[PDB]
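Each value in this text was obtained by applying a stated rule to the coordinates, not by laboratory testing. With ideal geometry, Cβ positions are generated from the backbone for all residues, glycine too; neighbour counts draw on all protein chains shown.
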């Protein structure tokens, strides 16, 4: 049992990263700094841009320490993709946005106590 990295921490990170990202996202997608479009360079956008990949590589890492989370990790990946996709535009695109949202809802289904509680047992 390669307990180099903490599973509860990495699992918690996974949700926190995704759920916090959702918050960073909403803050960004909701508050278009200039009233219409949002600047892709804004700290929020940059945060999310980082988040997207920072979580992406984390997801790849996540799946290294555990194989059965593939659905969760993939969902997370889907979320990162959508996040990147949205924020890649000056103005937020409703369809992709709502997709991003659909993706997180699913993610939260997992994070709200599917395998997590069993994963981070003791």
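Any idea what angle helix 70-87 forms with the longest principal axis of the chain, computed on alpha-carbon atoms, 0 to 90 degrees, nearest 10?
20 degrees
Rounding to the nearest 10 and keeping the result within 0 to 90°, find how far the Cα-based axis of helix 7-30 lies from the longest principal axis of the chain.
10 degrees
Multiplying the sequence separation of residue 46 and residue 33 by 0.36 nm and subtracting their Cα-Cα distance, what value in nm do you get?
3.3 nm
Is it possible to state the helix-based mean residue ellipticity at 222 nm for the chain, with each DSSP H run of 4+ residues giving -39500 (n - 2.57), the sum divided by total residues, to the nearest 500 deg cm²/dmol? What is it?
So the calculated ellipticity at 222 nm is -24000 deg cm²/dmol.
Using the alpha carbons of the stretch 1-54, what is the convex hull volume per residue in cubic angstrom, as a whole number?
Roughly 66 Å³ of hull volume per residue.
How big is the Cα convex hull of the chain in projection, averaged over all directions, in nm²?
The directionally averaged projection comes out at 7.2 nm².
Which value in nm describes the separation of the simple spin-label points at residue 98 and residue 68, placed 7 Å from the Cα toward the beta carbon?
3.6 nm
How would you rank 5-12, 53-60, highest first, on the average number of other Cβ atoms within 10 Å across their residues?
53-60, 5-12
Using alpha-carbon positions, what is the distance between the centroids of the stretch 29-57 and the stretch 59-80, in Å?
Spelled out, the Cα-based centre of one part sits 22 Å from the other.
Cβ neighbours within 10 Å, averaged per peptide: list 14-22, 112-120 in order, most packed at the top.
In decreasing order of mean packing, 14-22, 112-120 become 14-22, 112-120.
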